[PDB]
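Now for the letters of each chain:
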Amino acid sequence: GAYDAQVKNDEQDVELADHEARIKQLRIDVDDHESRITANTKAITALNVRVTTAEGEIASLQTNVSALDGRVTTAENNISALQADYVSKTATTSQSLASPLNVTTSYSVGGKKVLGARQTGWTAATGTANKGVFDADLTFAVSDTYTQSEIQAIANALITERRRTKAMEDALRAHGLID
Amino acid sequence: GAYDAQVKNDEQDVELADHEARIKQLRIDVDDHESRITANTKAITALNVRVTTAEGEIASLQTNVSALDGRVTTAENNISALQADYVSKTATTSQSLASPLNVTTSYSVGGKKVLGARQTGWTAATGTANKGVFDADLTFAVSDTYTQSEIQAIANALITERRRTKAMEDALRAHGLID
Amino acid sequence: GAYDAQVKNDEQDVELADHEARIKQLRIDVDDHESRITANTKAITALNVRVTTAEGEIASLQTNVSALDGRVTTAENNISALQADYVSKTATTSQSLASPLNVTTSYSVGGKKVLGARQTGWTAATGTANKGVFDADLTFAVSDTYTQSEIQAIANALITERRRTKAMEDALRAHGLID
Ligand SMILES: [Ca+2]
Ligand SMILES: [Cl-]
């Protein structure tokens, strides 16, 4: 019917123009997606680098924290041991040592010197030591005339006195106050 | 004008061929974007897993570091307390205790034993103790003939001597050197 | 040849229909990619925030761990110093001080008081001190009749005895047991 071909060609041109416009817009979108996907991949790659670095610093930190925890626990136990075992300057309850003690120069009680270096130059007394009955209020009769028994009593008490002096000397030497 | 339809159909074919080529290239690009976007999403998902894990290890580390900081500070204060309060083996300035002290076996001064266990077996002296005037250069007259006053002087000095011995014994017992 | 134009227009319509279908599917894919790329970018942005935060917490942790390591090492050296230098309550080997020692109230050996505060009220003895030869088994002859030499011997031994008592008193005063 003569006219269809012009109508058909015209409408095909309309559809061709529509397709042309749609391809252009698709091309615009895909070209812009290209940039965006390229950018996203680059950022993801960069993100993996810093996270990998972070992972490398975390496991190292965890190692150090575990090592530190071990050294504090040891220190805490050494401190506990020292606290139970050390001699205090400020404690008021009597403190006792399981060992001998040596110090320089002096021992003191209440700020006054009571004990010091061993005193030397002694020649040790000989004979009997008297640690028995001793009456320092023992007195003596003295007559107007010579009495043997009265002189004997004086001599006897002089002997018990000298033997008491030796006994005391023995105690100082055995302690070590004198040589 | 007869010829236009062939010219029109030919140019439409040219445009159809152009569209065909452009759809192909778009299809190539979108198909390749599909893979890339799929890959990026998978990587992002995987990145969130490890970061979430990292966050889980950081806040735990921060907890442990804060706990460790607390235990060192306590330890540092215990150390400070021990340093101020402990008795030193190497310190040269005199050190003083606020408490009684007991040790095993001996006390010593300068490497020599000066004091030890209490000496036992003593029977305590009785009578007067003499801590007053005492002249150890006190001498005595002795005549060719018996003289009461001369014997009395000897006896008197024997008494003051025995009372001085008792006084000294009192001091050792009160300290505790003897029982 | 009359018929080609209808055949040509028909096949162009077929190709137009094919292009139309392909543009639709491309449009579907690109529209869906748009959402996905938008979502991926948003997630990447959000990932960078938390990683940046994580980086901010890691370098701070590394700072604290390094600071803690420094404080434990110092503490460990203070502990070592205390262990070598402190006086132990439980050690059995004799312990020695380089300094004088003062304590409250008493010194004790084996649980018994042996030493205490300085004894006062003494008037210092005068004269000769005897730290030489001393025989406490020295005895004396006593006749039925007055004998000057026998009385002299008693007096002489009384003098050496009093001088020995002074010698002992000197030792206690020099140590500090008495004033
Ligand atoms: Ca046509
Ligand atoms: Cl993407």
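What counts, and where the lines are drawn
- Residues numbered from 1 in each chain as written, not as in the entry; some residues may be left out.
- Chains lettered and ligands numbered in written order.
- Heavy atoms only, no water.
- Least-squares fit on C-alpha atoms.
- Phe/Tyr/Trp six-rings, centres within 6.5 Å; stacked < 30°, edge-to-face > 60°.
- Helix = DSSP H or I, 4+ residues; strand = E, 2+ residues; numbered from the N terminus.
- Buried < 20%, exposed > 50% of the residue type's maximum accessible area, 1.4 Å probe, protein only.
- Donors = N, O, S within 2.8 Å, 3.2 Å for Na, K, Ca; no water.
- Tetrahedral: all angles 85-135°; square planar, octahedral: opposite > 155°, others 65-115°.
- Pairing = 2+ DSSP bridges.
- Contact = heavy atoms within 4.5 Å.
- Buried area = accessible area lost by both parts, 1.4 Å probe.
- Salt bridge = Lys/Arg side-chain N within 4 Å of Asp/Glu carboxyl O.

If you check the header, you'll see the entry was determined by X-ray crystallography and the resolution is listed as 2.50 Å.

**Q** Quick question: what am I supposed to make of the relation of the copies chain A and chain C here?
**A** Both copies of the chain are related through a single rotation about an axis accompanied by a shift along the same axis. Under the fitted operation, chain A is carried onto chain C by 0.0 Å of movement along the axis and a turn of 120°, and the coordinates agree to an RMSD of 0.0 Å. Expressed as a symmetry operation, the mapping of one chain copy onto the other fits a three-fold axis.

**Q** How should I be thinking about the packing of aromatic side chains in this particular structure?
**A** The way to describe two aromatic rings as a pair is by their centre distance and the angle between their planes. Considering all chains together, one arrives at six aromatic pairs over all chains under this definition. Aromatic side chains A:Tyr107 and C:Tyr107 sit 5.2 Å apart centroid to centroid with 75° between the ring planes, which places their arrangement in the edge-to-face category. Here the residue A:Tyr107 occupies a position in strand β3 (residues 106-109), and C:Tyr107 occupies one in strand β3 (residues 106-109), the pair thus bridging two chains. For the pair A:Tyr107 and C:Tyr107, one class covers both residues: buried. By way of ring pairs, the aromatic residues A:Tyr107, B:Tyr107 and C:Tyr107 are connected into one cluster.

**Q** What is the right way to look at the coordination of the calcium ion (ligand 1) in this model?
**A** Tetrahedral coordination by four donors puts the ideal angle at the metal at 109.5 degrees, and octahedral coordination by six puts it at 90 or 180 degrees. The protein atoms donating to the calcium ion (ligand 1) are A:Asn9 (OD1), A:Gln12 (OE1), B:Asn9 (OD1), B:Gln12 (OE1), C:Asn9 (OD1) and C:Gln12 (OE1), with metal-donor distances spanning 2.4 to 2.5 Å. One way to put it: the six donor atoms around the calcium ion (ligand 1) meet at angles of 78 to 176°, and that makes the site octahedral. Residue B:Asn9 is located in helix α1 (residues 4-85), and its partner C:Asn9 is located in helix α1 (residues 4-85); the two belong to separate chains.

**Q** Looking at this model, I keep getting lost on the sheet that holds strand β1 (residues 95-96) of chain C. Mind explaining?
**A** Sheets are built from strands that pair by backbone hydrogen bonding, the pairs being arranged parallel or antiparallel. Spatial strand order, β4(B)-β3(B)-β2(A)-β1(C): four strands in an open sheet with mixed pairing. Each of the sheet's edge strands pairs with one partner strand only, and the pair in question is β4 (112-116) of chain B together with β1 of chain C.

**Q** Explain the interface of chain A and chain B to me, please; I cannot follow it from the model alone.
**A** Taken residue by residue, the interface counts 93 residues in chain A and 91 residues in chain B. A buried area of about 7800 Å², summed over both sides, lies between chain A and chain B, and 59% of it is on carbon and sulfur atoms. Among the residues chain A hides against chain B, the three largest losses belong to A:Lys89, A:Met168 and A:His175. Together they make up 10% of the total. One can count nine salt bridges joining chain A with chain B. A salt bridge links A:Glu20 to B:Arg22; the nearest nitrogen and oxygen atoms lie 2.6 Å apart.

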